[PDB]
Amino acid sequence: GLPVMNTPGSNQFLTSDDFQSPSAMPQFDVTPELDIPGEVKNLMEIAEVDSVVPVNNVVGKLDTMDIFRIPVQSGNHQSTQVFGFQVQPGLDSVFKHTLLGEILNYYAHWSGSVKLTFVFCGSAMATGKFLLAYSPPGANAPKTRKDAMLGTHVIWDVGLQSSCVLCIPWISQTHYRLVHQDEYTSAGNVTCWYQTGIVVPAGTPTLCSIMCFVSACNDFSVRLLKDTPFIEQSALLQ
Amino acid sequence: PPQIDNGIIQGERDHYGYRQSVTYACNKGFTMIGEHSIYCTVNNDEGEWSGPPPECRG
Amino acid sequence: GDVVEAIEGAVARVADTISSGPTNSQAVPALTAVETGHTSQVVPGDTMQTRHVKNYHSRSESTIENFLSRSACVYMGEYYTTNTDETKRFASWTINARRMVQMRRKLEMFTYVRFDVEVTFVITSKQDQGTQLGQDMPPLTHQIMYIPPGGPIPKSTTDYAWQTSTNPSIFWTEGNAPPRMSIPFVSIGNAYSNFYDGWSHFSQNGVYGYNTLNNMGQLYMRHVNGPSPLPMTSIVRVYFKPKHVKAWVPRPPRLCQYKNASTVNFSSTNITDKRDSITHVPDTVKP
Amino acid sequence: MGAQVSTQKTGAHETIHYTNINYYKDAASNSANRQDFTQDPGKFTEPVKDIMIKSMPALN
Amino acid sequence: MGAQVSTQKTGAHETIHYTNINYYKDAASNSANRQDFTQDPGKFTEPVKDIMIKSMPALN
Amino acid sequence: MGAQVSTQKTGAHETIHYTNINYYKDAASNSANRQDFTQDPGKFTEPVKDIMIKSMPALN
Amino acid sequence: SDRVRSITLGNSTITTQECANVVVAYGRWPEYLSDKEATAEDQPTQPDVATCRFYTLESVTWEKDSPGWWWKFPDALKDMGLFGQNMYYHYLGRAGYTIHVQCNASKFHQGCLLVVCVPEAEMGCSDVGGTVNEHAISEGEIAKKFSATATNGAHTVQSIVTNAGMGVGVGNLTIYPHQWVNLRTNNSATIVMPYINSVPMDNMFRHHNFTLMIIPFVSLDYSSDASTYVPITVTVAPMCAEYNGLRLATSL
Amino acid sequence: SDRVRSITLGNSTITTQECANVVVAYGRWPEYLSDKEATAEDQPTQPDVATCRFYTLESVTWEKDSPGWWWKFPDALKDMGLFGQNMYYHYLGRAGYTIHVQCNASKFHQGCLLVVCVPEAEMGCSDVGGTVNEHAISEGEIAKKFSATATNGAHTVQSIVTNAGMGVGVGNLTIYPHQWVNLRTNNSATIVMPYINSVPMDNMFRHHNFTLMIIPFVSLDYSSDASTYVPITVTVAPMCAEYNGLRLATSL
Amino acid sequence: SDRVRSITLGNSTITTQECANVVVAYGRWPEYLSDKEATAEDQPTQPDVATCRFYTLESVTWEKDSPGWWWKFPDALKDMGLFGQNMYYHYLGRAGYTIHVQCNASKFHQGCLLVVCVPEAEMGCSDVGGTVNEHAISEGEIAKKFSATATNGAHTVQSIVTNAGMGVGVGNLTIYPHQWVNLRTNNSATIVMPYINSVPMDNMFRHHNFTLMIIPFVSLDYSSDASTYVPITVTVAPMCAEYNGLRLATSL
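In structure tokens:
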């Protein structure tokens, strides 16, 4: 009988612990391993993949494919903003259900840059330039293109390359932000403006669409596993 | 769609079908309280608006 | 390496930020083609000037092991200690992780998974309400039998099947640590299938989906003390913690609410939540 | 004894090991491999033949 | 990493390896030993002292 | 095969080995480590700095 | 230029002059089954030209309001010559695939299609208490159409396109092997799927290994006097196909 | 002699001239968290003087019939200057402790106190169908009193001292880090607790890491004309304390 | 380009895409106090993440006729989490600062702001026989407004902007660490102040180490239909902050 003393935490079931147990099936011969394509070793490999952002999440469109298309058109419309949202990649109804947003809502802390790729889906004959502007927090969202072009912007010229990348860099006061973001860990906003119109010939549709893809850059990371606020049930057998 | 006191429907259409939306706007000097728009739901072959229109209060 | 064997720290940081000055060239990293099914590998240094940032962040908590190796409730089952009906004095459960919604949604983020399980039980008795509640019952012992497919199913609490000559069983008396045992990877295929697009019968009918490939057996639970003078209820909660996890073919996270455990049936769900307009960003700097 | 000596999850910038012995005979009974940090995002991003340079236009 | 490299179940006549890493700390948590093919039918057949030659009459 | 050959629990005074092969791929699936007999009663008995000599008075 | 691409399998060739690229599903090419990974003992069949060749399904008509189409692809090829026959006479079969989706238009049409290859795209019923038919999830070479609104039918799929019949976000379908047919950029997409399963081979009648979905995200648009007819063709070439368990033929 | 002992942490010193010894809980000294064992990613705070210093709680009065007192100690220090503030502003916190229990008397008083540090001393309700309050198990710096008889109150602890609120034998409490204040031998006890948990850090509001119990086994006795007032003071110094997850402050 | 700049302190990051540069006040970076220069004997506290992080004060509204605003900055941060708490519980404290002033507009707005960090900006009363209040010279996070005309109030500051409350020329304020927010060039300025004093540490309640002034030299102008609202945000990150002399908390 070796002398021994039990410490607090004995006979508790911590759901996160990591101890050896006895096998209920001793010497069980496990099936051989099969080289299946597409093995995941980190959820960040998943969140690094684009997913169509629902930027047009306005009423009457939440159940349609029109929720994905940002409408652009020809004419003098520079006085109007194409779109704008908050960079809350796990709280904003524009991002919470994207691949990145879903992976985010399993954690409490996120860090790193986020790519927004924009894709033009008009005719090959339609041409246009856009200003895509990410503004860090501390001021209101810009109301004019003159204000938006003071933040981090890209002037996207539409051509044979149909997509532009606006990388939102990590400009934070803290190493991590909260996925459930409040005013302390705010991250800014993204807006779009017509830089130089949309010019189209005759016999061509004058109103086209833009698509938004969100993904996480290679410096992105998460912290503090938690449960999603998304899936819920009232009873078992479900 | 129902009309509202001290507000208008923006470009009211003749016929509203499934998931189509009606956008309300208050007249000058009046404050909107409620949903900016409502949309057409359809169940058991009968249409019904998603909820009450907004209030425009002075 | 006979008495002690060292192990090198597998530490994996995220990528640094490389410093980028001003540019004017024919290189265009911000210009790409999503039509290729290829995600752009652009870093922030391509679209703006960046300082050098040495990054010490890690992705250790998004590893598949660290994402899945958490104990999660898969079943909650009641059974009585005394009752005129006999099928109420014990509990059955067909083993599947599809009835509690959180762990199901976590697992269904991948098409195939292969892991061992750590099964913990949390058994909790309570005295039912009644006119008389005074009694002195000794501690309640519980038997949890694992019946693999084909073994004899018990019909009562006194059945011969509870002899557990070969089926693995755990006896545990109340007041002690929760019972916990390990389970190897016990599929007949090379991995578990969260999804089975297919049928049980070659005539392309019968059962559709997860239930054709899913037969791990059942769990039976009873009290061993026999009936109490006054009614008592034991609730057994089953917690699975996968370990030594491998996952293949990730899937888009379940957006709709689960309806039952037999199927993937769902009510049609909005893509996301509505806002006021497409440009709507509410002011946060105001008096 | 057949002890393994690995490194604990510490910080990366602020100013140590843990011992493990396996007691059971089956490997299904060990503790989780909490520290396996290899990666390959290229199966899912850039899953194309004809690798893309990220400086070249990516078309034409 | 502590990778094992074994051979996949292929054919025996028609014209390759798989990698395994153990992530968990308990051996009860590994995958099944699907490829252990040793044999000994002599415990059950011919379980006799005085081995029988199969050419000799086996009696007398 | 990757066989382990250990010693069976025998007596200590009266006048042998057993073989083990792990078939499964996970360590959670091995058999219990029934033979790990290291000890340290000093965590619980004598858990004090200023070790006590057991011959000295233990105070003053 | 890299916009030209030729793919030759068997006696079939596909040229394209507006190739985006080729998606090799998870960076893995179809391969035959090895000995270290096999489980079925008899000698396999490897026709390798008679079966590994492009088969063209019936076209679909991209209209201005189409929600999208899908095929369950181990199925859908059971009348395709010797591939279908070898599916019929064997209990086990195994193949990767080259999917090529063709959709050309003019420089004045606009539209964007997502072409996804979803492994194990198990679908749900329109009645959330019911189960689907085989006819509900597949029709052979005929395409199964998505819906723009929630469907109400027992034994049919919930085919509103935003949920993809799978209870997910449609916009997240890009986690799978996918390409985009942007009319202003593309006219063809091609995905190379290896064999994906939890077992080395399976029955090619019972189990739908993957579903090909073609969903227009940006609608088909053109101004009047332009061609109103835009078709979409799918061409599927099995790859490294082998079969085991030969007996009499299944009679569906 | 080894009866003298000084302990200096921060700007605080405790001398004792009748030290028994120092119990280092399981032979382990408090340590900061390392990299091989951490899980939270942001940089920790290590005040290390502002927080790692002796704090004195309110005394208790040893009477001739006192059953005993307890404190839930991660709690109970939430008004103690910057230790309390750092508990309030961070989501995670971690510390070991130096507990010093002071109880002096004369050479003519007799008594024996057991001073235990019980990890995870989860307590039970007086109604065996009910659950406890937070007020029932803790009162901050105020001591929670044991009872000499079984208590009957819903939402309160079963605080009869022989069961220690834990459903055990009181005389077995010596399995934990403990000391004895024997009046004829001692006037102070000191235990050095490291951080004990199943996780590297935790919330210092939600989880009571350990309970300090002070139970008189031999009652306080003295003959008349002697001092009837004998107090018992507890002095707790956090050690190697660090915090993670800084945000706005909790408002209890 | 060098117009982009990221500053990361603690759990806070600021990006700017129209950085002018960074002014390091006198070419000196904040540093901790050494042994050859210290005078207080006890061990300091160095939270270093809990306190050395960006804090955002309330914005101000740049109008077409604003004279300017100021903050007394050792003050003004006394509700900022653990920085404020460590100011409250210690007698001595010491920190440098990263000041970041954010003011974006459009390319059609015009304006120029001088952002100065004035050490020991001692101010004078509006009654030249009277003395100021603490409320007259500081309001915490609230900005103190300059005046366009001479003020007449006892116990208030002479806040006509041309004299800067200091009895000097406003246009000479460029002798101090300063930047300019030119709307046609900038939207942010950043000054890195070390600790400046005639003593190594001081009380962070009693002594205002420096004042941040934001004075529009060229007025805010824009033609109609443009945004009339232009805010100005200040973000302050203490740096290399340490504290000595821990006791109970001051109660202002």
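Chains as they are written, first to last, in the deposited numbering: chain C, 1 to 238; chain E, 228 to 285; chain A, 1 to 287; chain D, 1 to 15, 25 to 69; chain D', 1 to 15, 25 to 69; chain D'', 1 to 15, 25 to 69; chain B, 10 to 261; chain B', 10 to 261; chain B'', 10 to 261. A prime marks a further copy of an entry chain. Note that CB positions come from ideal geometry on N, CA and C, so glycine has one too.
The criterion of a C-beta distance shorter than 8 angstroms is satisfied by B':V190 and B':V110.
Excluding its 5 nearest sequence neighbours in each direction, D:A67 has C-beta neighbours in its own chain below 7 angstroms: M61, listed in chain order.
For A:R105, the enclosing alpha helix (DSSP H) has its first and last residue at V101 to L107.
Beta-bridge annotation (DSSP): C:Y134 is paired with C:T152 and C:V190. For B'':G36, none of the residues of chain B' pass the 8 angstroms Cβ criterion, the least Cβ distance being about 28 angstroms. Listed by position along chain D', the residues whose Cβ is nearer than 7 angstroms to that of C:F28 are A41.
One Cα belongs to B'':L18, the other to B'':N181, and the distance between them is close to 32 angstroms. Judged by DSSP secondary structure, B'':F92 falls within the alpha helix (DSSP H) whose first and last residues are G90 to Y98. For the C-beta of D'':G11, not a single chain B' residue is nearer than 9 angstroms; the gap to the nearest is close to 33 angstroms.
In terms of Cβ geometry, C:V119 and C:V94 do not form a close pair [threshold 8 angstroms]. In this structure, A:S92 and A:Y210 do not form a Cβ contact; the two beta carbons are roughly 19 angstroms apart against a cut-off of 8 angstroms. Leaving aside the five residues that flank B':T237 on each side, the residues in its chain whose CB is nearer than 8 angstroms to its CB run, in chain order, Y231. Within chain A, the residues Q49 have their CB atoms less than 7 angstroms from the CB of B'':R12, given in chain order.
For B'':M202, the secondary structure class from DSSP, reduced to helix, strand or coil, is strand. At least one CB of chain D'' lies nearer than 8 angstroms to the CB of D':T47.
In the assembly as shown, B:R103 is a buried residue. Its beta-carbon has 16 or more other beta-carbons within 10 Å.
A distance below 8 angstroms between beta-carbons, with the five flanking residues on each side excluded, links D:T10 to the following residues of its chain, in chain order: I25. Any Cβ of chain B closer than 8 angstroms to the Cβ of D:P66 would place that residue at the interface, and such an atom is absent. If you draw a straight line from the Cα of D':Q44 to the Cα of C:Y134, it is about 57 angstroms long.
About 7 angstroms separates the beta carbons of A:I153 and A:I147, which is inside the 8 angstroms limit, making them a contact pair. The beta carbon of D':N29 sits closer than 8 angstroms to some beta carbon of chain C. Rounded to whole angstroms, the separation of the alpha carbons of B:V137 and B:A163 is 9 angstroms. For the stretch 188-214 of chain B'', the set of positions with a beta-carbon nearer than 7 angstroms to some beta-carbon of chain A is empty. Per the coordinates, the alpha-carbon of B'':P186 lies some 39 angstroms from the alpha-carbon of B':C61. In chain order, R193 place their CB closer than 8 angstroms to the CB of B'':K116, counting only its own chain and leaving out the 5 sequence neighbours on each side. In this structure, the CA atom of D:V5 is about 21 angstroms from the CA atom of B':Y35. For the stretch 66-143 of chain A, the continuous beta strand (DSSP E) assignments of 3+ residues that do not extend past its boundaries occur at 72-80, 90-94 and 110-127, in sequence order. Cβ atoms of A:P250 and C:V214 stay farther apart than 8 angstroms, at about 16 angstroms. At a cut-off of 3 residues, the continuous stretches assigned as beta strand (DSSP E) that sit fully inside the stretch 47-85 of chain B are 69-71 and 78-81. For D:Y27, the uninterrupted beta strand (DSSP E) run begins and ends at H26 to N29, by DSSP. Among the CB atoms of chain A, none fall inside 8 angstroms of the CB of D':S6. The way I'd put it, the stretch 116-126 of chain B'' doesn't touch the stretch 152-160 of chain C; fewer than three beta-carbon pairs between them come closer than 8 angstroms. The criterion of a C-beta distance shorter than 8 angstroms is satisfied by B:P83 and B:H217. A residue is called buried when at least 16 other Cβ atoms come within 10 angstroms of its Cβ; B:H118 meets this threshold and is buried. Sequence-distant Cβ neighbours of A:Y192 in its own chain, meaning closer than 7 angstroms and more than five residues away, are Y112, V113 and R114.
DSSP, reduced to helix, strand and coil, places C:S215 within a strand of the structure shown.
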